[PDB]
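Chemist: Heads up: the protein sequence lines correspond to chains A and B, in order.
The first sequence stops at residue 134 when you use the entry's author numbering, and every number in between is there.
The second sequence stops at residue 134 when you use the entry's author numbering, and every number in between is there.
Protein chains: 2
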Amino acid sequence: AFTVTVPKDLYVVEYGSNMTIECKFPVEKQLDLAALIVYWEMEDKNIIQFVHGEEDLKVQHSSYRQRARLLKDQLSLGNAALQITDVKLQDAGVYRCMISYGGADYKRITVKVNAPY
Amino acid sequence: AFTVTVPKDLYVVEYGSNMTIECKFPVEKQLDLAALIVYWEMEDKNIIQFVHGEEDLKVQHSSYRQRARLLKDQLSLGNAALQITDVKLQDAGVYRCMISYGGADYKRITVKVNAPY
Ligand SMILES: CC(=O)NCCNCc1cc(C)c(OCc2cccc(-c3cccc(COc4cc(OCc5cncc(C#N)c5)c(CNCCNC(C)=O)cc4C)c3C)c2C)cc1OCc1cncc(C#N)c1
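(1) Considering residue 100 of chain A, what are the terminal residues of the beta strand (DSSP E) in which it resides?
(2) Indicate, with yes or no, if ligand 1 has a heavy atom lying under 7 Å from the CB of residue 117 of chain A.
(3) Answer yes or no: the CB of residue 90 of chain A versus the heavy atoms of ligand 1, is any distance below 7 Å?
(4) Using the three-state DSSP reduction, which class does residue 93 of chain B fall into: helix, strand or coil?
(5) Quick one: Cα of residue 63 of chain A to Cα of residue 72 of chain A, how far?
(6) Would you say the beta carbon of residue 46 of chain A is closer than 7 Å to some non-hydrogen atom of ligand 1?
(7) Indicate, with yes or no, if ligand 2 has a heavy atom lying under 7 Å from the CB of residue 51 of chain B.
(8) For the stretch 102-111 of chain A against the stretch 29-42 of chain A, are there 3 or more C-beta pairs whose distance is under 8 Å?
(9) Short of 8 Å in beta carbon distance, which residues of its chain neighbour residue 120 of chain B, apart from the five on each side in sequence? Order them along the chain.
(10) Below 8 Å between beta carbons is the criterion; list the residues of the stretch 36-62 of chain A that meet it against any residue of chain B, in chain order.
(11) Near residue 113 of chain B, which residues of its chain fall below 6 Å by C-beta distance, leaving aside the five closest residues on each side in sequence?
(12) Taking 8 Å as the limit between beta carbons, can you name the residues of its chain near residue 50 of chain B, skipping five residues before and five after?
(13) Considering only heavy atoms of ligand 1, does any lie closer than 7 Å to the CB of residue 97 of chain A?
(14) State the beta-bridge partners of residue 67 of chain B as determined by DSSP.
(15) Which chain B residues are close to residue 68 of chain A, counting only those with a beta carbon under 7 Å from its beta carbon?
(16) Does at least one heavy atom of ligand 1 sit under 7 Å from the Cβ of residue 61 of chain A?
(17) If you follow the beta strand (DSSP E) that residue 45 of chain B is part of, which residue opens it and which one closes it?
(18) May I ask you to report which of helix, strand or coil DSSP gives residue 88 of chain B?
(19) Strictly under 8 Å for the Cβ-Cβ distance: is residue 109 of chain A near chain B by that measure?
(20) So, helix, strand or coil for residue 50 of chain A, using DSSP?
(21) Output, in chain order, the set of chain A residues within a Cβ distance shorter than 7 Å of residue 26 of chain B.
(22) According to the Cβ coordinates, are residue 88 of chain A and residue 65 of chain A closer than 8 Å?
(23) Cα separation between residue 128 of chain A and residue 61 of chain A?
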């Protein structure tokens, strides 16, 4: 059965830093963008919406715009990686990564931000 | 863009009655069982795991085992229909139906159970 996995299901980070939430999925030989879908959401806020290689700035929630990107370099090697930069205390919470690729699966990732000084 | 739709996001049903939760996806004609995944969750309790035709009925909350069924007769009309016979008060809460077909989407449905006397 297709099982997405999370190396680290608990990221503690510092206010203002850079964070990279990883989700991994199985890839045999190369990666087929046809039949790959990657969706990242926090508390129902749309963070990453990647469908057969197309993405649209218009659908990103306003608190994640210009900070939250899906790294395409890791994707090619089975790693849906969310990278939030300039982290706010408001980014603390449970995130879900939902992948369709051979089959489907999702995983929760928890994040706390410790506060400045 | 592939979108899942609920004719109703909230159902009020009576203790002891039968209830069908419906969530619809688009279908051209020949249902490609090979391209279809239907997953039903209730508070993260795996209810339905239906993947390329086969149900891993191993993992199915015994809370619903033999009472929570995927009507695999409406799927062909683009209706992932969850039916729970003999509704207990425990069946009250938020259900989530996740479909991967052309692409992918999910929707929440709430169930309020009442028991008039
Ligand atoms: C204009 C337009 O309206 N368009 C789109 C509009 N929205 C944009 C959008 C746009 C897009 C693209 C998307 O994609 C999702 C997506 C992406 C990728 C995959 C899936 C998906 C599809 C089918 C099934 C499943 C999940 O199956 C399973 C889950 C399972 O269980 C996982 C699990 C269970 N329990 C706890 C955890 C944890 N932790 C994990 C298991 C069993 N396990 C694995 C197997 N065995 C082992 C060893 O594990 C099996 C299946 C098949 C998923 C995630 C989904 C839904 C979702 C989208 O909106 C979501 C959304 C946003 N806001 C509000 C609501 C509401 N209401 C909904």
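A virtual CB, placed ideally from N, CA and C, is assigned to each residue, including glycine.
Modeler: For this structure:
(1) The count along the first sequence starts at 1 and reaches residue 100 of chain A at position 83. Here the beta strand (DSSP E) through residue 100 of chain A covers 96-102.
(2) Looking up residue 117 of chain A in the first sequence gives position 100. Yes.
(3) Here residue 90 of chain A refers to the residue found at position 73 of the first sequence. Incorrect: residue 90 of chain A has no Cβ contact closer than 7 Å to ligand 1.
(4) Here residue 93 of chain B is taken as the residue at index 76 of the second sequence, counted from 1. Residue 93 of chain B: helix per DSSP, three-state reduction.
(5) Taking the first residue of the first sequence as 1, we reach residue 63 of chain A at position 46. Taking the first residue of the first sequence as 1, we reach residue 72 of chain A at position 55. Going from the Cα of residue 63 of chain A to the Cα of residue 72 of chain A covers about 12 Å.
(6) Residue numbering aside, residue 46 of chain A sits at position 29 when the first sequence is read from its first letter. Checking every heavy atom of ligand 1 against the Cβ of residue 46 of chain A, none is found closer than 7 Å.
(7) Absence of ligand 2 from the depicted structure is noted, with ligand 1 being the only ligands included.
(8) yes
(9) Within the second sequence, residue 120 of chain B is the residue found at index 103, counting from 1. Answer for residue 120 of chain B: 18, 19, listed in chain order.
(10) 54, 56
(11) Sequence index remark: in the second sequence, residue 113 of chain B carries index 96 (1-based). So the qualifying residues of the chain are 58, 123, 125.
(12) Locating residue 50 of chain B in the second sequence gives position 33, where the first residue counts as 1. Around residue 50 of chain B: 69, 70.
(13) Residue numbering aside, residue 97 of chain A sits at position 80 when the first sequence is read from its first letter. Not so, every heavy atom of ligand 1 lies at least 7 Å from the Cβ.
(14) Residue 67 of chain B sits at position 50 when you count from the first residue of the second sequence. According to DSSP, residue 67 of chain B bridges with B/55, B/72.
(15) On the first sequence, residue 68 of chain A is found 51 positions in, with the first residue counted as 1. Going along chain B in sequence order, the residues near residue 68 of chain A (Cβ under 7 Å) are 120.
(16) Mapped onto the first sequence, residue 61 of chain A falls at position 44. Under cutoff, so the answer is yes.
(17) Start at 1 with the first residue of the second sequence, and residue 45 of chain B comes out as number 28. From DSSP, residue 45 of chain B is part of no beta strand (DSSP E); its letter is neither H nor E.
(18) In the second sequence, residue 88 of chain B corresponds to position 71, counting from 1. Here residue 88 of chain B sits in coil by DSSP.
(19) Start at 1 with the first residue of the first sequence, and residue 109 of chain A comes out as number 92. For residue 109 of chain A, the answer is no, since every Cβ of chain B falls outside 8 Å of its Cβ.
(20) As a working note, residue 50 of chain A is residue 33 in the first sequence. Three-state DSSP puts residue 50 of chain A in coil, outside helix and strand.
(21) Position 9 of the second sequence holds residue 26 of chain B. None at all; the shortest Cβ gap to chain A is about 13 Å.
(22) Taking the first residue of the first sequence as 1, we reach residue 88 of chain A at position 71. Taking the first residue of the first sequence as 1, we reach residue 65 of chain A at position 48. No, Cβ-Cβ distance for residue 88 of chain A and residue 65 of chain A is not below 8 Å.
(23) Residue 128 of chain A sits at position 111 when you count from the first residue of the first sequence. Residue 61 of chain A sits at position 44 when you count from the first residue of the first sequence. Distance between the alpha carbons of residue 128 of chain A and residue 61 of chain A: 16 Å.
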